[PDB]
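So the chains spell out like this:
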Amino acid sequence: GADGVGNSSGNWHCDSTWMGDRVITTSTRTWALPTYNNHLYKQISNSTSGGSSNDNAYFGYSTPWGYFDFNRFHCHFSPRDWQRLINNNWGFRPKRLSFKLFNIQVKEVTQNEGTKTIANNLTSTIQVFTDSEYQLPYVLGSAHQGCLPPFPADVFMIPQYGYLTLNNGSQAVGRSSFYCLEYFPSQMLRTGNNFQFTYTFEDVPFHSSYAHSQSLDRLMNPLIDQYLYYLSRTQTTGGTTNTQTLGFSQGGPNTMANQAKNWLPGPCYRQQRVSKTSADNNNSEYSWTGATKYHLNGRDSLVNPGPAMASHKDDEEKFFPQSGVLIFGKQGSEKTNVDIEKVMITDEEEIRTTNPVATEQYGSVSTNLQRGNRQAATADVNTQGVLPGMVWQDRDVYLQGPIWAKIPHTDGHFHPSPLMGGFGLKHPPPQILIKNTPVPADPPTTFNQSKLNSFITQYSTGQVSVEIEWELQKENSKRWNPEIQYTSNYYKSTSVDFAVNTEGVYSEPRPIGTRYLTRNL
Amino acid sequence: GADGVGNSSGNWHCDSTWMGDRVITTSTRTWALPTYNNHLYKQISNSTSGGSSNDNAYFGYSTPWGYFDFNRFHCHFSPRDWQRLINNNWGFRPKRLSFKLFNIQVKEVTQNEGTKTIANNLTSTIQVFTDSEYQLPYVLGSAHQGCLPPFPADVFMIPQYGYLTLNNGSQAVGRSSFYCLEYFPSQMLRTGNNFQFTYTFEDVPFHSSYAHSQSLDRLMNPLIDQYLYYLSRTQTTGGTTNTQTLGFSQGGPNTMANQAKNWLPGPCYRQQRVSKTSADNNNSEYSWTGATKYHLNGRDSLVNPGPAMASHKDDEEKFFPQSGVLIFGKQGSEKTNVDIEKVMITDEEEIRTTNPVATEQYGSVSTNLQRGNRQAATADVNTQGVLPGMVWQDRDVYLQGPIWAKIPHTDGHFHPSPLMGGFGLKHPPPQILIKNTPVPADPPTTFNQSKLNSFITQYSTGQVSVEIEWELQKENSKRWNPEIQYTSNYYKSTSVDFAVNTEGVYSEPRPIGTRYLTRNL
Amino acid sequence: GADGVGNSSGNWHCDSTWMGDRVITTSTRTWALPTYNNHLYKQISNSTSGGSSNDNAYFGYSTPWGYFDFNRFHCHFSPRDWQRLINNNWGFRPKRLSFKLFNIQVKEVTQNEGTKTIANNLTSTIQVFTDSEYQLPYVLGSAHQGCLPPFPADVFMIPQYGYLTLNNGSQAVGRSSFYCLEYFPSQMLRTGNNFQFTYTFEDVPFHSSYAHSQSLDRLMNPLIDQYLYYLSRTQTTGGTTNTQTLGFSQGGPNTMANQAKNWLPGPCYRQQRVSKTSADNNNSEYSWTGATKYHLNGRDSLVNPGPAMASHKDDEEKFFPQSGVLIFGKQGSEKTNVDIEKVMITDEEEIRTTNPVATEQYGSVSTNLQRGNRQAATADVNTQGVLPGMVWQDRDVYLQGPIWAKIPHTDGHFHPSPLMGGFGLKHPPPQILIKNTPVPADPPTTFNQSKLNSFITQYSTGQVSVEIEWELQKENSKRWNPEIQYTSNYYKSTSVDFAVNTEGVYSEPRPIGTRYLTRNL
Ligand SMILES: [Mg+2]
Ligand SMILES: [Mg+2]
Ligand SMILES: [Mg+2]
Ligand SMILES: [Mg+2]
Ligand SMILES: [Mg+2]
Ligand SMILES: [Mg+2]
Ligand SMILES: [Mg+2]
Ligand SMILES: [Mg+2]
Ligand SMILES: [Mg+2]
């Protein structure tokens, strides 16, 4: 679209539409875009931000571009719509996206004698493009701040785009890449113009928005014995002189733990157990030393949140895996060393039906060959890669959590469900990059070859709309008794949950997952 | 409609058109809309406004939206047109509505060094929508200020939209609802754009713009006796020793009070009688203690104005029911404890032909079983719900009074004529909500996740037009003698009634009802 | 249908099918039918059952017929299906019914020498008809035992049909009617035969399966004053000598109780308040003396549950109206003077938004004419019939409660929603009457005129299927925040709710209503 200065280039579209097997979410927001980096590209590294350890070293570039991020479920679903989703469906997945930018306003700022003057610069442009061929480092999928706000009335600033390449400490290597975003075709928009983009999601598995009502070790008929036998006795019982024997039994109703089974619990990468009650924990600094890590090219990274494992076993709700769960901040919570009361620790207990508990061993294996003089020895398995016959559930998604991630362009990518939860896509929603076009201030009247460094101070503002179509897998529960449902609490409160307070601040008081409904295994 | 900055988006349309059985009213006004709540939604309650009693406790939200209110007859009818209506018609009802917003101007306000600068912000928008599916609390119908002014030359400010939900004192409950109006599709308008809406009224009964020339107790032929008998004597007359007897008589011309009749006067909910002359009243505070009330979930509300009852009986014009009549303010009258000379108390004496007097008993009922040792006992009926055979008239409408109300979405709704007077509609003219779109001021040049709280100061102004088509029921009076008509008074005055004074202030000097013409019962 | 002895005449059909705006429920059960009254019709009265008081006197007849009763929601909806209904819909109503009887077995019982022999009587019949023209007293709608069991595996006995006519004490009157059910055409079925019937429900209002999120006294805009005035002062404030005055104010945000309003709360018939905690109640017998009653032809009946009124006001959950709520029994609870822990008292608190609290006055009315020597007097209104402008909600329905009732064939029937809750139908599902055809034992070989009184002992058994199609009004909540939903409790339990225990007994642990979702008023 193209029109004049006094004509609106779009309307406000916020609402959800529920049809048969589909839901279409639409959210509109107002954004503001500053000029970033005074129009420059800059080399950055851990030595440019300060510098401390090799584990945290990097090299990259900060760019003068901003970008759009709507990779959080709350950018699309109101809490009520989320409730409608999770209480009634066994699965969902994204199908298509439509994105629009409109009602663009470019503003000039003049700073003289302490006076603050903001005027419309009717002839200035913004630049917008989509990285539809995935030629730039993809930073969506790294759970960054800068998303479309959950509350439609909230105005937000667009985040600055930067990227990383290869480093050796704070230095670049020959394989290090530099990208110039002006080396891309971009649309130029004045105040009368608008931008639109459409995208189709690839076929991805439905997210499992249910919990299992059976455990993997309890799939048998509890009334009938097995025809198969297990070794039940290795030593004679009774008398004074106990000797070697071999006794075999059939597993049955009272020996379910010994029964022959067809399947195995999902893979494990053991995490340390932390109590939500500080007094139950060790008096030492183990946030790093006791952490579960991966080692890549001489540096350690936290495995966070890592493989989908259950948070805790039965009646152990006060424990969580050190870095094995998503942890969200309560409204207004600060960046550093905030108390437990300022965060919301997610609970993945529902997957304990098929997935090992994050803080316990996967199991026990034999480590020797027993004989007359050597007793049978076993060891705990704290890391268990995939085995044939293993089954598992992936991590849940949350209203305030991420939606998708880009699957790394690699030769191998086993079960590429992103570990933070969500949908793994080889070709995800592309990065939408935006910047204010530099407008030079008055040049000298004698030629000078130097690049111009005096610009008129500008920012831009407008509206953004994002529409996502989602496919649903409706609940078909043949269970007799009522199910668990997400419900607001009936009792009297100073404020209503998922609303604004007396000062106009919107808050999300808790994480809301998707696994309320149940099904058999 | 969509056009440029130098082109008008509409014309001024104010006038009435009288046809055969229809009148089309059109009024145009100029409005101004500020930014409300600094773009925020806020939780409000009786503790946020102060707090005193449980009877006045509430919980709700203030929104940054304004709304249009033209739910008063004087927004559509000039006093002369009202006179034409009431002097010539026995009834009327609304049929259709057309609403337009045009000649939108968005203005930026700059406050530096005490200097007041107002400039046009040619690229800013307003947002407008109609709640056509009645998904929001409906506040029209609660006789609020903020209507289109009666005088076409008067410029008005649009009122702020807020709503209530359930409360327990100043606190919310689980059933309490929060609504975000940005969760609705709304049209975005710049200075070249306009908005239009059309609506059709459902079939509603005509308002009875007449008074009855017969009373319910005087429908008989005054020359002829009845064939039916009543009990006229229970004791012998004459002598020294009076004994029990049963004597029966036929009602006739001199015993109309005893005649058999087919109908009953309308229902009653008794109000206290107050004299317009202070000296005739009791020396106590009874505005609340002597008030007629309803009790709902532990709190009392005034029954105001309540069931349509006649204001007073014959030659008792100085008395009014405590809260049983509409009371309007004279021009410029203040909010609190104003004298009687500052208000205009309506008079519903015309309905005393079928409806009980508001301040008297409905009648008398027997309370015992009389016999030799027990005398017949009766009691006053101060509350009388509907009985088969009851007939009544609804409350009159006034030039300065309300037009419609939304019938509550309930299972039962007996004779849903709104008690303040007017037309009860299940699907009334929808709420038209409007706001100024927030325009952020210059954002920081380093990304910050916090919602933006610095905006450019703006307001909007434009024109609004409302057109209503009304259906008329023409007077067909077969009466020989002249009727009562509303007339201006012939005598010399300092000012003419329903005009402006020497300072340019328009005033409405009296309430004007609709019941001048008469008809039989 | 008609077939042989070795061929099944029908299949087991139990399941629900959810479509767009419809749900079809199907339940199949096994029944047993004895011979009732040894094939006789008998006159019954309070003198035939014992006799105590005139309030309990009756006259009627016991018949040898049984009948089918499926007038309870749990005969059709599993608890899970009920949850699906109430969490997702704003209303529902019945549309059509299909009824089938099949796999009929007639059994002969022989009692000789203490030996119990049961054999098939392949040539015996049962008789079945529908009272499709409503020519018999309709006893469905009187909340009787004998319904299709909620649990599909439970086998039930069909109840005996009897009816009442007019009485004067234990005696009949001339207007008393006697009905012979053999004076009707009935189908005769042997073991190879089946019976089918179809019915269509008349247009009835949807049941309101929601609660209001607004109260009737809080429909105003909380930010704006009214243009209307009320009488706020009757006496001067300040000084030593307080005198009569008239002061008027406009209702506003802090005077919501005084604001002019259009509507009135629903009708009232006051009930006594009883605490669920025995120690808070009076130490007297008031179950009858303190009861709310109606008086009909010299006898008193309890008003039970009576007009739909709210059970209690805010923070008063321990109180219930004496006979103003439905009270269900827990599984196995006995007929007489059972403890509070054996019953389940329903709570109608959700309707307090429009309906008066059952145990409080409707309001207050004026009872006199105040003047200099007479102070303003008011009285409580404990009975309030319908007034124009009243709005209300009807009583909720429950999973274990009744579905419909027959509207009495009368000249007048105001808002004929059955007071126990449910759907009022002029032409309800007809009575389905069934009996075992008498099979005489060996007659004498010499003629005797006396009716035969020696029969072979028989009973019958078979299956019954009932299919109801229901229309739904889907929830379209534009509320931002999550709603209340019915949910099973997440915590560990010895048994799961709405399941069987270790002995195979099914129980319904609580009443489940339909008002979880909310909407504005
Ligand atoms: Mg977000
Ligand atoms: Mg847990
Ligand atoms: Mg690659
Ligand atoms: Mg007005
Ligand atoms: Mg008068
Ligand atoms: Mg409603
Ligand atoms: Mg039952
Ligand atoms: Mg309650
Ligand atoms: Mg009848």
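Residues numbered from 1 in each chain as written, not as in the entry; some residues may be left out. Chains lettered and ligands numbered in written order. Part of a larger assembly, values for the part shown. Heavy atoms only, no water.

Method information in the entry identifies cryo-EM as the source of the structure, with 1.56 Å recorded as the resolution.

**Q** Can you break down the overall build of chain A residue by residue, with the values?
**A** For chain A, the count of helices and strands is two helices and 34 strands. The C-alpha extent of chain A, read off along each of the three principal axes, is 115 × 55 × 45 Å. Counting across all 521 residues of chain A, residues that qualify as buried make up 47%. For chain A, the share of sequence-separated contacts (at least 6 apart) that also reach a separation of at least 24 residues comes to 75%. If you sum the accessible surface of chain A, you get close to 26600 Å²; carbon and sulfur atoms cover 49% of it. (Helix = DSSP H or I, 4+ residues; strand = E, 2+ residues; numbered from the N terminus. Buried < 20%, exposed > 50% of the residue type's maximum accessible area, 1.4 Å probe, protein only. Contact = heavy atoms within 4.5 Å. Areas by Shrake-Rupley, 256 points an atom, 1.4 Å probe, with all protein chains shown as cover.)

**Q** Break down the sheet that holds strand β22 (residues 299–302) of chain B for me, citing the residues and quoting the values.
**A** The sheet built from four strands is open, its strands ordered β22(B)-β21(B)-β26(C)-β27(C) with antiparallel pairing. Two strands lie at the open edges of the sheet, namely β22 of chain B together with β27 (378–381) of chain C, each paired on one side alone. Taken pair by pair, the neighbouring strands of this sheet meet at an average axis angle of 25°, ignoring direction. (Pairing = 2+ DSSP bridges. Axes fitted to C-alpha atoms, helices over the stretch in contact; angles between N-to-C directions.)

**Q** Give me the lowdown on the pattern of salt bridges, citing residues and values where you can.
**A** Taken as a whole and assessed by the stated rule, the structure comprises 65 salt bridges over all chains. The partner of C:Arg84 in a salt bridge is A:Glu475, and the shortest N-O contact between them spans 2.6 Å. Of this pair, C:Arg84 sits in helix α2 (residues 79–88) while A:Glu475 sits in the loop between β33 (457–474) and β34 (518–519), placing the two residues on different chains. Under the relative-accessibility criterion, C:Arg84 is labelled buried at 11%. With its nearest N and O atoms 3.8 Å apart, the salt bridge here joins B:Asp411 to C:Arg515. Of this pair, B:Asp411 sits in the loop between β30 (404–406) and β31 (412–413) while C:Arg515 sits in the loop between β33 (457–474) and β34 (518–519), on two different chains. Given a relative accessible area of 6%, C:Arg515 falls into the buried group. A network of salt bridges, in which partner residues are shared, links A:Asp21, A:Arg22, A:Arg96, A:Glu467 and A:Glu469. (Salt bridge = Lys/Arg side-chain N within 4 Å of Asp/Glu carboxyl O.)

**Q** Which residues make up the environment of C:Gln244, and what values go with them?
**A** Position of C:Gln244 relative to the elements: it lies in strand β17 (residues 244–250). Considered as a pair, C:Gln244 and C:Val303 are 59 residues apart in the sequence and their alpha carbons are 47 Å apart. Not counting the four nearest positions on each side in its chain, C:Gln244 is found in contact with B:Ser278, B:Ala279, B:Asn281, B:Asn282, B:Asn283 and C:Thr234. A distance of 2.8 Å separates the side chain of C:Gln244 from the backbone oxygen of B:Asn281, its partner in a polar contact. (Polar contact = N/O pair within 3.5 Å; in protein donor to acceptor, adjacent residues only side chain to side chain.)

**Q** With reference to specific residues and values, describe the relation of the copies chain C and chain A.
**A** You can overlay chain C on chain A at an RMSD of 0.0 Å; the transform is a turn of 180° with a shift of 0.0 Å along its axis. Such a combination of turn and shift is consistent with a two-fold rotation axis. Residue C:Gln485 of chain C places its C-alpha closer to the rotation axis than any other residue of that unit, at 3.3 Å. Comparing contact sets, 100% of the residues at the interface of chain C also lie at the interface in chain A, consistent with an isologous, same-surface contact. (Least-squares fit on C-alpha atoms.)

**Q** Explain the coordination of the magnesium ion (ligand 5) to me, using residue names and the numbers behind them.
**A** All names here are of chain B. Looking at the magnesium ion (ligand 5), one finds its protein donor set to be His 312 (NE2), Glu 317 (OE), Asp 347 (OD), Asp 347 (OD) and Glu 349 (OE), positioned 1.9 to 2.6 Å from the metal centre. Considered as a linear motif, the donors of the magnesium ion (ligand 5) on their single chain read H-x4-E-x29-D-x1-E. With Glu 317 in the loop between β22 and β23 (319–321) and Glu 349 in the loop between β25 (343–345) and β26 (363–366), this pair connects stretches of sequence that are 32 residues apart. Of the residues examined, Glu 317 reaches a relative accessible area of 49% and is grouped as partly exposed. Residue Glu 349 is classed as buried on the basis of its relative accessible area, which comes to 18%. (Donors = N, O, S within 2.8 Å, 3.2 Å for Na, K, Ca; no water.)

**Q** Tell me about the coordination of the magnesium ion (ligand 4), and please be specific about residues and values.
**A** All names here are of chain B. Each protein donor to the magnesium ion (ligand 4) is listed here as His 74 (NE2) and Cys 147 (SG); together their distances run 1.9 to 2.2 Å. Of this pair, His 74 sits in the loop between β4 (59–67) and α2 (79–88) while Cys 147 sits in the loop between β7 (126–130) and β8 (156–157); the two residues are 73 residues apart in sequence, bridging distant segments of the chain. Neither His 74 nor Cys 147 differs from the other in exposure class; each is buried.

**Q** Can you tell me about the packing of aromatic side chains, naming the residues and giving the values?
**A** Residues and elements named next belong to chain B. In total, this model carries 101 aromatic pairs over all chains according to the counting rule given. Geometrically, the ring pair formed by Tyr 61 and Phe 178 is tilted, given 4.7 Å between the ring centres and 55° between the ring planes. One end of the pair, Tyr 61, is in strand β4; the other, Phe 178, is in the loop between β11 (171–172) and β12 (187–189), with 117 residues separating them in the sequence. Comparing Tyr 61 with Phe 178, the two get one shared label, buried. Summarising the aromatic geometry, the rings of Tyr 490 and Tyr 491 are spaced 6.4 Å apart at their centres and angled 70° between planes, so their arrangement reads as edge-to-face. Taking relative accessible area as the criterion, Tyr 491 reaches 52% and is therefore assigned exposed. (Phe/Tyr/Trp six-rings, centres within 6.5 Å; stacked < 30°, edge-to-face > 60°.)

**Q** Go over the sheet that holds β31(B) with me, naming the residues and quoting the values.
**A** Taken in spatial order, the three strands of this open sheet run β31(B)-β29(C)-β18(C), and their pairing is mixed. In this open sheet, the two strands that pair with only one neighbour each are β31 of chain B together with β18 (264–265) of chain C. Bridge count for β18(C) against strand β29 (residues 390–392) of chain C is two bridges, and the pairing is parallel. Each residue of the ladder has a partner; that of C:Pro265, found in β29(C), is C:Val391.

**Q** Before we move on, can you summarise the UniProt feature "binding site: Mg(2+) 2" (unreviewed entry) in chain A with the specific residues and values?
**A** Residues and elements named next belong to chain A. The UniProt record marks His 212 and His 409 with the feature "binding site: Mg(2+) 2" (unreviewed entry), using the residue numbering of this structure. What stands out for the annotated residues spanning 198 residues is how far apart their C-alpha atoms range, the widest pair being 33.2 Å apart. Among the structural elements, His 212 can be located in strand β15 (residues 211–212). Under the relative-accessibility criterion, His 212 is labelled buried at 13%. The contact partners of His 212, leaving out residues within four places of it in the chain, are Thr 353, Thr 354, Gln 393, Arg 519, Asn 520 and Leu 521. Tracing the chain through its elements places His 409 in the loop between β30 (404–406) and β31 (423–425). (UniProt positions renumbered as here; feature names shortened; annotations may be inferred.)

**Q** Please give an account of α2(B) that cites residues and values.
**A** Inspection of α2(B) places B:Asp81, B:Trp82, B:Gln83, B:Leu85, B:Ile86 and B:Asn87 among the buried residues, and these make up the whole buried set. For α2(B), the secondary structure elements touched by its buried residues are β1 (15–18), β5 (89–112) and β34 (457–474) of chain B.

**Q** So what's going on with the relation of the copies chain B and chain C? Which residues, and what values?
**A** Rotating chain B by 120° and translating it 0.0 Å along the rotation axis places it on chain C, where the RMSD comes to 0.0 Å. The transformation just described matches what one would write down for a three-fold rotation axis. Scanning chain B for the C-alpha nearest the rotation axis identifies B:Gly385, at a separation of 2.4 Å. In this assembly, only 5% of the residues forming the interface of chain B have copies in chain C that are likewise at the interface, indicating a heterologous arrangement.

**Q** Describe in detail the interface of chain C and chain A, supporting the description with residues and values.
**A** Interfaces are often sized by the accessible area lost when the parts come together. Taken together, the contact pairs 33 residues of chain C with 33 residues of chain A. Taken together, both faces of the contact between chain C and chain A bury some 2700 Å²; the carbon and sulfur share is 51%. Three residues, C:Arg80, C:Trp480 and C:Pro482, lead the burial of chain C against chain A; their summed loss comes to 30% of the area buried on that side. At the boundary of chain C with chain A, the tally comes to 23 residue pairs in polar contact. In terms of residue count, the dominant contributor to the side of chain C that touches chain A is α2(C) (six residues). Looking at the side of chain C that touches chain A residue by residue, the class counts come to 14 nonpolar, nine polar and ten charged. (Buried area = accessible area lost by both parts, 1.4 Å probe. Nonpolar A, V, L, I, M, F, W, Y, C, P; charged D, E, K, R; others polar.)

**Q** Kindly report on a nonpolar patch on the surface, identifying the contributing residues and their values.
**A** Residue and element names in this part refer to chain A. A contiguous nonpolar patch, built from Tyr 229, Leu 231, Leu 246 and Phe 248 and spanning about 480 Å² of accessible area, is present on the exposed surface. Put simply, the parts of the chain that give the nonpolar patch at least two residues each are β16 (229–235) and β17 (244–250). Position of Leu 246 relative to the elements: it lies in strand β17. (Patch = residues over 30% accessible without salt bridge, like charges linked within 9 Å, V, L, I, M, F, W, Y side chains within 5 Å.)

**Q** I'd like a description of the interface of chain B and chain C, backed by residues and values.
**A** Contact with chain B, which involves 121 residues of that partner, is made by 106 residues of chain C. Overall, the association of chain B and chain C removes approximately 10200 Å² of surface from exposure, summing both partners, and the carbon and sulfur fraction of that is 52%. On the chain B side of the interface with chain C, the three residues burying the most area are B:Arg175, B:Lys335 and B:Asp411, jointly 8% of the side's total. The tally of links from chain B across to chain C stands at four salt bridges. Close ionic contact of B:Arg299 with C:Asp217 constitutes a salt bridge, the shortest N to O distance being 2.8 Å. For the side of chain B that touches chain C, the element with the most residues is strand β9 (residues 160–164) of chain B, which contributes five residues. With two bridges joining them, β31(B) and β29(C) adopt antiparallel strand pairing. Bridge pairing in β29(C) places B:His413 opposite C:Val391.

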